[PDB]
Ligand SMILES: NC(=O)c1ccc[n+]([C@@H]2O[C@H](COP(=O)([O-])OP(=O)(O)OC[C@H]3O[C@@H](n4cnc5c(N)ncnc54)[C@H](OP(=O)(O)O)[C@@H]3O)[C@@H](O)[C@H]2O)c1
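Take a look at this single chain in structure tokens; it is the form solved without the ligand.
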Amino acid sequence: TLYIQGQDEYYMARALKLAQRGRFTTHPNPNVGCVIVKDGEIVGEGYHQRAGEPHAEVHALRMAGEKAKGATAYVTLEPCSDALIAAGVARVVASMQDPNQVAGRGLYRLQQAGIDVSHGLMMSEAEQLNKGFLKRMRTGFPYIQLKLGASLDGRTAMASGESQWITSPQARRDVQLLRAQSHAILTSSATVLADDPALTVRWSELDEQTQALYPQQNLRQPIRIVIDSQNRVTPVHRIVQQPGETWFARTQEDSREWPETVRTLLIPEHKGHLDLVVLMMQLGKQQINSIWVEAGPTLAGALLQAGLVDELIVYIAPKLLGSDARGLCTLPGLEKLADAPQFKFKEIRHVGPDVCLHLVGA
């Protein structure tokens, strides 16, 4: 009665924890956790590491071997569309049913062979495990995190230079970790021209996330997405010569030679500007789960007005900035924002000498 329903919450939670372990390497695939239990003991465990790699269930099955037969297989996301049939499990508990609403019902496919199925357990948590992916699936759009670095009174970088203010070493290290689980990193050409950044993940800037999993060589570099209407960023720029891909969102094709890692996407304009909504969506088709935006004032405002921001992370430095510095703060152009997907605070924490304010449209 209560014994089975209370013991489920132990093992499901264990499956969620394992799923979390692939969050850095898993794109465009979702995070899935699997735990197989036989009268009181975990006979098999597994989670999804990479896109080419085996699924979580496959891993746990290989581990469990013949011990899989008896009882319960705790999963995070409905399987299939196989193994658990031949494996011989009775009972599989899936945390959530699967987004894609058409062909997304092969949960019953297991009960077809008399398995005691069941879903919905700790779904709240399993949803939060795959925000990006689940949003790309349900809606057309990737999940967007806008990062801002401002001073006490809004304002950034002391000058207009569309460069991003990187508030502290601690703030940089914090962002690295947030970058590392993001599918892609987005920026504007104006930032690349002003900062010449690498926008990669340096492994050495991660903590005990370093061990828990994500060993050195497994390091996955998020896709680098750059907006420039005009093709102002030059192939000599640091960003394109980093390991991994870097995709330019161009108003028209470039004429030059770019390293093999570079790709281009063609995006129509909208009122003299490259259309961000079409872009976002085109990145959708491209299987992009989640974007981390390192933006100047202009880009950040455009995203907010275009209603494309899911959550914004604000790093505040303990400075008040001089006469009239830039920053999204107190600057004309942004008219109908008070009247557009407004946000609410989720978390606030110290980051070295800075504070980080998490908000989300909710």
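Numbers for residues come from their place in the sequence shown, where the first is 1. What we label the rigid core is the largest C-alpha set whose atoms superpose within 1.5 Å from one form to the other.
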Would you class the number of unmodelled deposited residues between residue 216 and residue 217 as none, 1 to 3, 4 to 9, or 10 or more?
none
Count of coordinate-less deposited residues separating residue 100 and residue 101, as none, 1 to 3, 4 to 9, or 10 or more?
1 to 3
The stretch whose C-alpha atoms carry the larger average B-factor in the entry, 129 to 137 or 110 to 118, is 110 to 118
Going by the average Cα B-factor in the PDB entry, point out whether 18 to 26 or 336 to 344 comes out higher.
336 to 344
Lowest, middle or highest third - CA B-factor, residue 326:
highest
Splitting the chain's C-alpha B-factors into thirds, which one does residue 194 fall into?
lowest
Going by the CA temperature factor in the PDB record, which third of the chain does residue 239 belong to: lowest, middle or highest?
lowest
By the recorded C-alpha temperature factor, relative to the other modelled residues in its chain, which third is residue 292 in?
lowest
Chain-relative C-alpha B factor for residue 182 (record values, thirds): the lowest
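We do not show the form solved in complex with the ligand, though everything after this point is about it.
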Placed ligand check: the ligand in the bound PDB entry, overlay by site C-alphas, backbone/C-beta within 2.4 Å
blocked
The listed residue (171, 93, 110, 227) that reaches within 4.5 Å of the ligand in the bound PDB entry by any heavy atom is 227
Work out which of 159, 266, 86, 236 lies within 4.5 Å of the ligand in the bound PDB entry, going by heavy atoms.
159
Does the 4.5 Å heavy atom contact test between residue 143 and the ligand in the bound PDB entry come out positive?
no
Considering non-hydrogen atoms and a 4.5 Å limit, does the ligand approach residue 149 in the bound PDB entry?
yes
At 4.5 Å between heavy atoms, is residue 42 in contact with the ligand in the bound PDB entry?
no
Taking the shortest heavy atom distance, is residue 290 within 4.5 Å of the ligand in the bound PDB entry?
no
Contact test, all of 36, 69 and 115, partner the ligand in the bound PDB entry, heavy atom 4.5 Å
no
Where does the ligand sit in the bound PDB entry: which of 135 to 143, 122 to 130, 101 to 109, 273 to 281, heavy atoms within 4.5 Å?
273 to 281
Go through 175 to 194 residue by residue and record those having a heavy atom within 4.5 Å of the ligand in the bound PDB entry; state none if no residue qualifies.
188, 189, 190, 191, 194
Sole member of 63, 306, 42, 329 with a C-alpha shift of at least 2 Å between the shown form and the other one (core-superposed)
329
Compare the position of the CA of residue 165 between the shown form and the other one after a rigid core fit and state whether the shift reaches 2 Å.
yes
Indicate closer or farther: the Cα atoms of residue 164 and residue 252, in the bound PDB entry, relative to the displayed form, with a change of 3 Å or more.
farther
Between the shown chain and the other structure, the Cα gap of residue 164 to residue 302 differs by 3 Å or more. Is it closer or farther in the bound PDB entry?
farther
